[PDB]
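In the form deposited in one PDB entry, a lone chain appears below as structure tokens.
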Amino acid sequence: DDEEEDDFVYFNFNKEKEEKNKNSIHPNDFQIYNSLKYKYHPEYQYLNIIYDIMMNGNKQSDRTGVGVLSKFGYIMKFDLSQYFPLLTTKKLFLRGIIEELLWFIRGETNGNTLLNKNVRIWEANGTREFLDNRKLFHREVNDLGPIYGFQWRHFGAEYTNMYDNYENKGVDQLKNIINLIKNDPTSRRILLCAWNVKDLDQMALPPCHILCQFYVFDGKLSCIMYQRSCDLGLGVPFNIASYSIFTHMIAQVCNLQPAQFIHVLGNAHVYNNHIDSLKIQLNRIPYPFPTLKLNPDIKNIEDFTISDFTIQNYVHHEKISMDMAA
């Protein structure tokens, strides 16, 4: 019944002649990547998006001036009941993103709290020069403004400075979604949003992880996070891990098991200076994923501390400095 085999060829009559070379990519650049027959390991959901952007991306300039290759709209899904999606084709550290997450939960906006623990994720965003560029001339260094944490715990409250007392001010979204998940699990309104249009300009920078939506079925919790801007080479690997850890935290404090972490990418881009490093990464074969364990004694979202998290059996390839100048 190969009849319909020719039919498949007909429907492809208007295909693009790739015989035409694009984005200055050399065939053997992806020799190993293209040599595998079946690439079913979940890390390929991330790797295939990078390959797609490199091969079909649009060359564009961007706010930073480095320039990028970008595409718009992708979705990745990781089955948290089967593994913890920490990329294995390069080495990744988690202490810093976990502290950032605990800091978000406390509702903090003080960049010094992270710096005193040697977590420098937000350091550049809080410098005198960076704040002045955002025209936040009357903002103290490292006072990030009403970013993630402030919106998760006080959406709508008037922001003054990072040392003010905001207890009971604004909407405590985090508290509300936990209550909805526990008491009205089939609600379709279980969302946590950081994109407060009114406060954007007061923020050191507008948020990239716009919102998180939750879904509960048969005692299992799934989460969708929408990211408006995604640095595939450097940010995305950490973003996958942060939200996968957050999903486990919420699930646990609500007496549910984590199911899927669904990542929706809006402006997905590969920075021109990460191209060589990514060519190397894509030719590396993933190792089985590690697992994440949380101290079972923690029953409330606010009681987690850094020692309550453990990553086990993490097998990975050697670190890679994404920067060409690195």
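Shifts are known only where both forms have a C-alpha. All residue numbers refer to positions in the sequence shown, first residue = 1. What we label the rigid core is the largest C-alpha set whose atoms superpose within 1.5 Å from one form to the other.
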152-160 or 87-95, whichever carries the higher mean Cα B-factor: 87-95
314-322 versus 15-23 - greater average Cα B-factor per the deposited record: 15-23
Most elevated Cα B-factor in the entry, residues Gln45, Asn267, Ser277, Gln260: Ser277
For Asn255, the third of its chain into which the C-alpha B factor falls: highest
Position of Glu167 among the chain's modelled residues by C-alpha B-factor, lowest, middle or highest third: highest
B-factor third for the C-alpha atom of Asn133 within its chain: highest
Record-listed C-alpha B factor of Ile49: chain third: lowest
Chain third (lowest, middle, highest) by recorded CA B-factor, residue given as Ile301: middle
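Not on display, but discussed next: the form deposited in another entry.
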Core-superposed comparison between the shown form and the other one, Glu318 Cα displacement 2 Å or beyond: no
Core superposition between the shown form and the other one, C-alpha change of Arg63 at least 2 Å: yes
Rigid core fit then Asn23 CA moved by 2 Å or more between the shown form and the other one: yes
Distance trend in the other entry - C-alpha atoms of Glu19 and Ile280, change of 3 Å or more: closer
Pairwise C-alpha change, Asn267 versus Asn23, in the other entry against this form - closer or farther, 3 angstroms or more: farther
Stretches between the shown form and the other one where the CA atoms of at least 3 consecutive shared residues shift 2 Å or more, core fixed: 19-23, 63-65
